[PDB]
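> The structure file entry28.cif (mmCIF, C-alpha atoms) is provided below.
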```cif
data_run
#
loop_
_atom_site.group_PDB
_atom_site.id
_atom_site.type_symbol
_atom_site.label_atom_id
_atom_site.label_comp_id
_atom_site.auth_asym_id
_atom_site.auth_seq_id
_atom_site.Cartn_x
_atom_site.Cartn_y
_atom_site.Cartn_z
ATOM 1 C CA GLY A 1 -4.352 15.506 6.512
ATOM 2 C CA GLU A 2 -2.852 12.266 7.804
ATOM 3 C CA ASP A 3 -0.318 12.219 10.640
ATOM 4 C CA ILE A 4 1.927 9.163 10.924
ATOM 5 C CA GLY A 5 -0.365 6.219 10.255
ATOM 6 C CA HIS A 6 0.592 2.581 9.742
ATOM 7 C CA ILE A 7 3.055 3.125 6.895
ATOM 8 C CA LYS A 8 6.314 1.221 6.435
ATOM 9 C CA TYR A 9 8.218 3.316 3.893
ATOM 10 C CA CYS A 10 7.346 1.451 0.695
ATOM 11 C CA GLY A 11 6.715 -2.285 0.540
ATOM 12 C CA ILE A 12 9.376 -3.845 -1.671
ATOM 13 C CA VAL A 13 8.319 -3.523 -5.311
ATOM 14 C CA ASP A 14 4.581 -4.168 -5.581
ATOM 15 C CA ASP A 15 3.449 -5.991 -2.440
ATOM 16 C CA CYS A 16 3.028 -3.334 0.249
ATOM 17 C CA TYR A 17 0.047 -5.102 1.813
ATOM 18 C CA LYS A 18 0.662 -8.096 4.075
ATOM 19 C CA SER A 19 -0.598 -11.097 2.105
ATOM 20 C CA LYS A 20 0.721 -13.574 -0.463
ATOM 21 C CA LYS A 21 -2.715 -13.849 -2.072
ATOM 22 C CA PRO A 22 -4.911 -10.722 -1.860
ATOM 23 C CA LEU A 23 -8.292 -10.181 -3.518
ATOM 24 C CA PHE A 24 -7.558 -6.956 -5.397
ATOM 25 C CA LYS A 25 -4.776 -4.434 -6.006
ATOM 26 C CA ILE A 26 -5.044 -1.721 -3.354
ATOM 27 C CA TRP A 27 -1.937 -1.104 -1.251
ATOM 28 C CA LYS A 28 0.942 0.050 -3.452
ATOM 29 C CA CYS A 29 4.329 1.714 -2.974
ATOM 30 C CA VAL A 30 3.869 5.400 -3.791
ATOM 31 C CA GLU A 31 5.555 8.532 -2.445
ATOM 32 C CA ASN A 32 7.703 6.310 -0.227
ATOM 33 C CA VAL A 33 4.527 5.263 1.586
ATOM 34 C CA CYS A 34 1.697 2.726 1.452
ATOM 35 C CA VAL A 35 -1.154 4.106 -0.655
ATOM 36 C CA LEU A 36 -4.511 2.493 -1.425
ATOM 37 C CA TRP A 37 -6.491 2.435 -4.672
ATOM 38 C CA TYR A 38 -6.516 5.873 -6.294
ATOM 39 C CA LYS A 39 -8.396 6.789 -9.471
#
```
Rewrite the structure of this file - the entire thing - as structure tokens.


Amino acid sequence: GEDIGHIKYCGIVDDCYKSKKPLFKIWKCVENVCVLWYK
């Protein structure tokens, strides 16, 4: 299990990642933390 990574307690609404023009939806605000693509 993880242990204090590089989270930031949610992003803002739907832009957790740091970029105003990404390539694909990955980082999202979930569980009050930054989560990647999950199927």

> Suppose a student applies the PyMOL selection byres ((chain A and resi 6) around 12) to this structure; what residues should they get, written as a list in words?

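Answer for the PyMOL selection byres ((chain A and resi 6) around 12): residues 2, 3, 4, 5, 7, 8, 9, 10, 16, 17, 27, 33, 34 and 35 of chain A.
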
> Separation of atom CA of residue 13 of chain A and atom CA of residue 26 of chain A, in Å?

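Rounded to one decimal, the two atoms are 13.6 Å apart.
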
> Pick out the residues sitting within 12 Å of residue 24 of chain A, and hand them over as a VMD selection string; count all atoms listed in the file, and ignore anything fewer than 3 positions along from it in its own chain.

chain A and resid 15 17 19 to 21 27 to 28 36 to 37
